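Working notes, beginning with the structure itself.
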Amino acid sequence: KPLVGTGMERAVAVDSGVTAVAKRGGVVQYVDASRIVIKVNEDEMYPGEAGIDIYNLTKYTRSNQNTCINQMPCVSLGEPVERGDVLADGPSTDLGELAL
Amino acid sequence: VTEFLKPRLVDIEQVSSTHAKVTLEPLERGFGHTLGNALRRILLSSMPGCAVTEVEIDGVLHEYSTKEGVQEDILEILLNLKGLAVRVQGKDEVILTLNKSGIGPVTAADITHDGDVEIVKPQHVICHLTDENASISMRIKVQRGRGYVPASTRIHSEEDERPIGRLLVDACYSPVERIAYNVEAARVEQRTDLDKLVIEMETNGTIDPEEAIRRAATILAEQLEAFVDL
Amino acid sequence: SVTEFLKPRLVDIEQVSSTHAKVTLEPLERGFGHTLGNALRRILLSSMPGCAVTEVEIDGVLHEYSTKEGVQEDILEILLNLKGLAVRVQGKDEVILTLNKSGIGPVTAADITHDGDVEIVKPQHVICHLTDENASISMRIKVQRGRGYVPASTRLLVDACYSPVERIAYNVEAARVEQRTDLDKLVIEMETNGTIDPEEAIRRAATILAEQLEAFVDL
Amino acid sequence: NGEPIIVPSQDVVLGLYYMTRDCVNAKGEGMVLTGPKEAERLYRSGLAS
Amino acid sequence: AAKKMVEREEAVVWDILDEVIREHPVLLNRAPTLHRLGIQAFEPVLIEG
Amino acid sequence: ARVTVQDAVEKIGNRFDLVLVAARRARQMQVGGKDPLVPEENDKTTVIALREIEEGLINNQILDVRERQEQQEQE
Amino acid sequence: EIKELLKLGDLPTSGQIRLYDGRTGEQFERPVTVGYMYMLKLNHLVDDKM
Amino acid sequence: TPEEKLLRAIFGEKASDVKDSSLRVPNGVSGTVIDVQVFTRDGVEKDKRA
């Protein structure tokens with residue numbers, strides 16, 4: 001993280017696509033280096049098709065500039081996520097804050 | 001008036017496990033800064049440490065891969081292992097083991113014990129297991145050395161490093177972290193000009209204060225002995 | 001071995017023939033150039049015992065600003081010339097010399113009265129110039145043992161240049177053992193007042209440095 | 001133009017400006033020195049600025 | 001054999017190279033060589049990096 | 001090594017005559033057979049020929065008459 | 001605001017610290033600015049330029 | 001050519017009917033091979049490692 005920022009790092013990192021962010025709030029049922037699983041809060045659940053969200057992070061892969069792309073789960077097992085929240089901080093972002 | 005007083009290693013305060021202040025009390029005026037900066041220079045540069053150098057994780061081929069059950073992918077597990085502070089009494093190379101299953105952190109208190117190896121911080125966390133039937137099993141390799149040996153230089157001969165599973169960690173055998181001296185006025189019964197040096201050092205635990213400054217003084221002494229007869 | 005440091009094997013010392021040496025010692029460990037060179041520099045400069053003219057009382061002068069009848073080198077130039085005086089005393093500790101001499105030429109250091117305790121390393125050294133007349137000069141110089149350097153502002157008075165050395169300056173250079181490229185080539189370089197050549201002043205400094213360390217050197 | 005293009009540029013002219021200057025009252029003001037060598041030894045010893 | 005040795009960077013190649021380099025100047029040249037002092041010859045010093 | 005060739009310039013005048021006269025002598029030594037007239041300090045042929053030009057014992061007339069002498073004794 | 005946040009920690013209000021030479025152990029005259037600055041590593045890496 | 005001819009007729013090492021054009025790592029690069037992907041033309045025998 002920048003020790004001195006301007007508050008815009010979070011907007012820039014979430015608006016970008018490198019971060020993996022929640023579609024619906026819930027409880028993180030299983031974390032892993034490869035994937036995050038989100039037992040959806042029952043309120044944000046459709047009538048049928050019970051489901052629980054699952055985000056398969058992108059591990060190491062070459063950017064257009066050959067630099068590395070990969071995502072780390074910044075949430076731990078059984079951690080309450082909310083909608084529009086960051087579960088995987090991609091490259092150059094720390095807890096969903098742009099960090100070059 | 002043509003011979004100096006020689007400093008003695010007076011009371012060694014042990015503030016914390018890692019951070020301790022030593023005091024060399026009877027210094028002539030002028031030798032305080034000289035001795036202190038030479039000792040700080042040596043302590044920061046040249047001290048024998050016990051860094052971990054190789055890791056053989058079980059079903060893993062390289063450091064750029066994931067492992068089911070544990071969230072820290074392998075690069076981060078190596079970065080967490082390099083910070084493992086380990087004091088081995090007997091040997092110059094010891095292979096540790098770390099087998100552990102079940103959810104939770106895999107701290108340094110999960111490494112299996114040898115009679116000579118001692119883990120200084122058993123609360124240092126290596127990785128996290130997040131799966132009921134998932135287990136990590138690594139063969140760590142601690143060894144002694146000086147300064148800093150990046151893997152690049154370390155992979156020079158390599159001893160024909162056959163297996164691909166062997167992930168190499170970058171070695172940091174140097175227990176001290178930051179040495180700060182202060183040269184104040186000792187309360188010697190007379191001789192107003194009598195400085196005392198106070199060497200506040202902060203190791204990672206694997207080396208203790210008195211033996212440390214004694215080692216630094218030995219190094220300075222041998223180099224000065226090469227300098228005393230040209 | 002986790003304790004096996006390079007020791008310099010190229011101690012080759014060049015010198016300008018009497019009192020200006022230059023020792024290109026190599027190869028130190030990485031970073032040992034500045035530690036060793038700076039320890040020796042501080043020791044030589046600040047605490048290196050030796051004798052030096054500590055004060056002077058002129059037989060005809062009270063203030064530090066005055067003129068004597070026949071000398072053009074004023075009293076401050078006389079005190080400067082006395083500061084460069086390179087005395088080496090024997091077992092006596094606080095020696096006093098008399099400098100009464102009359103004539104017209106320069107007043108060299110050889111115009112000092114002898115003794116078995118003090119030896120002047122440059123009798124050819126000038127002390128003062130004299131008029132072309134009956135003008136005489138006389139004064140009690142006080143040479144006194146000492147360690148480092150003590151200015152008159154701390155203490156007639158004359159700044160005590162106790163230590164022998166006049167210039168030390170080390171330039172840690174690049175060295176190279178076979179494959180390694182980062183090492184230290186310590187180039188010491190010294191001159192002295194004359195009472196001892198530089199290649200021995202260095203070893204006396206290293207002696208004083210290592211014996212302060214004897215309370216921790218574990219053999 | 002004959003002017004030497006070995007002009008010291010920016011850290012050197014400031015090192016030399018900080019060196020060859022004077023202060024109205026600093027440590028060891030107004031003490032007669034017997035040559036540049038003694039001035040250097042005074043400065044390195046910490047007895048004169 | 002010489003090519004193979006240089007290709008594996010034998011221990012002796014650095015002494016052979018320090019002897020090749022010694023009095024052998026090299027021309028250093030920046031991109032827009034506006035005046036002739038933009039191509040200058042230096043004696044090399046085998047540096048690590 | 002040799003930092004400056006200022007002394008070698010005065011012995012020969014031209015700065016290009018100096019280069020052409022020193023390359024000639026240094027190629028005499030290099031390929032070959034001839035020996036340096038000065039105690040070689042682990043130098044290359046270029047700085048050796050320059051240092052010999054510095055001492056006035058190498059130049060165009062001297063090298064040419066040395067040519068003529070060996071052209072004679074080659075017979 | 002910067003000075004107040006400095007004073008809330010135990011740093012000097014002037015933003016400047018006295019610093020000692022690492023080699024000679026002596027103190028730099030004229031205290032120096034020392035602070036934490038965010039530094040980026042552009043990919044004009046020398047491993048590609050050379 | 002000639003004497004290369006004699007040097008192969010002496011030591012008898014045959015002249016291989018194949019030229020080496022294998023893909024090797026660039027000069028200076030030093031990194032683990034983290035992946036290998038093999039594509040084949042349709043209807044061409046995949047090797048043991050494809």
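Readers should treat all values here as calculations from the given coordinates under stated rules, not as data from a laboratory. Cβ atoms come from the backbone with ideal geometry, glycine included; neighbour counts cover every protein chain shown.
Taking square-rooted eigenvalues a ≥ b ≥ c of the alpha carbon gyration tensor, is chain D rounded, prolate or oblate, where a/c under 1.5 means rounded and, failing that, a/b exceeding b/c means prolate? Prolate. Across the stretch B:100-166, Cα pairs under 8 Å and at least six residues apart give a relative contact order of 33 percent.
Which parts of the stretch F:19-52 would a label at F:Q72 reach, counting a residue when its backbone N lies under 16 Å from a point 7 Å out along Cα-to-Cβ? No residue qualifies, since no backbone N sits under 16 Å from the label point.
For a test of the definition: using alpha carbon positions, the gyration tensor, and the 1.5 limit on a/c, classify chain F as rounded, prolate or oblate. It is oblate, given that a/c is not under 1.5 and a/b is not larger than b/c.
If you model the protein assembly as shown as an ellipsoid using its alpha carbon gyration tensor, with each semi-axis the square root of five times an eigenvalue, the axes come out at 63, 44, 27 Å, biggest first.
Over the whole of C:157-165, what's the average partner chain Cβ count within 10 Å per residue? Rounded to a whole number, please.
Partner Cβ neighbours, averaged per residue: 2.
For chain E, the Cα gyration tensor yields ellipsoid semi-axes of 30, 12, 9 Å (square root of five times each eigenvalue, largest first, whole Å). Between D:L14 and C:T131, the simple label model (points 7 Å from Cα in the Cβ direction) yields a spacing of 5.7 nm.
Across chain C, the convex hull enclosing all Cα atoms gives 151 Å³ per residue.
With 30 Å as the limit on Cα-Cα distance, the pairs of A:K23/G:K41; A:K59/B:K141; A:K1/G:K7; B:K67/B:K121; B:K82/G:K7; C:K122/D:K27 that go past it are A:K23/G:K41; B:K82/G:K7; C:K122/D:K27.
Residues B:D160, C:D184, arranged from fewest to most other Cβ atoms within 10 angstrom of their Cβ, appear as B:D160, C:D184.
Cross-link partners of H:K14 among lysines, defined as those whose alpha carbon lies under 24 angstrom from its own and excluding same-chain residues fewer than eight positions apart: E:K3, E:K4, H:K5. Taken as Cα centroids, chain H and the stretch D:15-42 sit 73 Å apart, rounded to the nearest whole angstrom.
Would you please give the FRET efficiency between A:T67 and F:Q6, computed as 1/(1 + (r/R0)^6) with r the Cβ-Cβ distance and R0 = 45 Å, to the nearest 0.05?
For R0 = 45 Å, the calculated efficiency reads 0.30.
The alpha carbon centroids of the stretch C:177-202 and chain G are separated by 34 Å. By the count of other C-beta atoms within 10 Å, a proxy for reagent exposure, C:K7, B:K67 are ordered fewest to most as C:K7, B:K67. Distance from the Cα centroid of the stretch B:121-173 to that of the stretch A:18-85 is 30 Å (rounded to whole angstrom).
The mean number of partner chain beta-carbon atoms within 10 angstrom of a residue's beta-carbon across peptide B:58-65 is 3. In terms of the Cα gyration tensor, with a ≥ b ≥ c the square roots of its eigenvalues, is chain G rounded because a/c is under 1.5, prolate because a/b exceeds b/c, or oblate? Since a/c reaches 1.5 but b/c is at least a/b, the shape of chain G is classed as oblate.
At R0 = 30 Å, how high is the FRET efficiency between A:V4 and C:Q179 if r is their beta carbon distance? Nearest 0.05 is fine. Efficiency for this residue pair is about 0.10. Contact order, relative form, for chain B: 31 percent (alpha carbon pairs under 8 Å, 6 or more residues apart, mean separation divided by residue count).
Computed from the C-beta positions of E:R22 and A:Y46, the FRET efficiency with R₀ = 56 Å rounds to 0.10. Taking a point 7 Å from the Cα of C:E200 along the Cα-to-Cβ direction, the residues of the stretch B:214-228 with backbone N closer than 19 Å to it are B:227-228.
Ordered by the count of other Cβ atoms within 10 Å of each Cβ, fewest first, C:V107, B:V125 give B:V125, C:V107. Taking all Cα pairs closer than 8 Å and separated by 6 or more residues, the relative contact order of chain F comes to 34 percent. For the protein assembly as shown, the dipole from Cβ point charges (+1 on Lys and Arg, -1 on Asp and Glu) about the Cα centre works out to 720 debye, to the nearest 20.
Compute the Rg to Rh ratio over chain A from the alpha carbon atoms, using the Kirkwood formula for Rh, and round to two decimal places. It would help to have the intermediate numbers written out before the result.
On the way: Rg = 14.3 Å, Rh = 14.2 Å.
Ratio of gyration radius to Kirkwood radius for chain A: 1.01.
Inter-chain Cβ neighbour count for C:181-189, averaged per residue, equals 1 (cutoff 10 Å, partner chain atoms only).
With the radius of gyration and the Kirkwood radius both derived from the Cα set of the stretch B:49-173, what is their ratio Rg to Rh?
With Rh from the inverse mean 1/r over Cα pairs, Rg/Rh is 0.95.
The H on the amide N of C:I127, modeled in the peptide plane, is under 5 Å from the matching H of C:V107, C:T108, C:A109, each at least 5 residues off or on a different chain. Working ranking of peptides C:167-180, D:22-35, C:79-92 by packing, defined as the average number of other Cβ atoms within 10 Å per residue, highest first, is C:79-92, C:167-180, D:22-35.
Between E:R30 and G:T24, the simple spin-label model (points 7 angstrom out along Cα→Cβ) gives 3.2 nm.
Computed per residue of chain A from DSSP H runs no shorter than four, each worth -39500 (n - 2.57), the mean residue ellipticity at 222 nm is -2000 deg cm²/dmol. Each residue, G:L8 and E:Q40, gets one label point 7 Å from its Cα in the Cβ direction; the gap between the two is 5.2 nm.
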